[PDB]
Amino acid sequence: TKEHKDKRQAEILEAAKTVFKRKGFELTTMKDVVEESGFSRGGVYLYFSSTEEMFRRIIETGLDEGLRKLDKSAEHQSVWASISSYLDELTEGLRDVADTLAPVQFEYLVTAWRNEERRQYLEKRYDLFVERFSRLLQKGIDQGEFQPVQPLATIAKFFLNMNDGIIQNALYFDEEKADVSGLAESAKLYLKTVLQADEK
């Protein structure tokens, strides 16, 4: 029964998130999560067979929710306004990134260069982002907002790189040095230029 299932899964994954943050990805076990969740062992192993399945689930849900937020916002304002609002939100949303799973996730992704199955998983998620973000940009073209001077897939990939760089800056440096606000303004300038967006 989907909504019942979705809530139990969300609960198990919140417990897992808590353990992953505290212990890291590698040292976290099924028992740790089962204890932290307050559910029975069979209630957890119903929906998940391993911590790695859980870890990937959390990554996917975060990517999906971010794209959901962009898509929905673009049902209620311009595509350009939805993308700009995402970038403006970054200074405020990244204040306590070090206490989220972001760093544990970046460490997990970095070792994919020497683990082919993991690399292929990453690439699939990469591909999905490029496709979804390209589709958002195309909506903007269809609504007459944009006349891009580069391919949509290139713009999407560049966007992912600037976005990931901004998150990384907030993680590694104090606020003034990270300059999230200035990097987001630079990203906006790039997007406005490459998309020929004329909304202001």
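From 1 onward, residues are counted along the sequence shown.
- Look at the C-alpha B-factors of 112 to 120 and of 75 to 83. On average they run higher in 112 to 120.
- Legend: mean Cα B-factor per stretch from the PDB entry, 65 to 73 versus 167 to 175; the higher mean is in 65 to 73.
- Looking at 155, 136, 46, 58, the one whose CA carries the top B-factor in the deposited record is 46.
- Per-chain ranking of the deposited C-alpha B factor places residue 190 in the lowest third.
- When all modelled residues of the chain are sorted by CA temperature factor, residue 131 is found within the highest third.
- When the modelled residues of the chain are ordered by their C-alpha B factor, residue 32 lands in the highest third.
- In this PDB entry, residue 104 carries a Cα temperature factor that places it within the middle third of its chain's modelled residues.
- In this PDB entry, the Cα temperature factor of residue 7 sits in the top third of its chain's modelled residues, the highest group.
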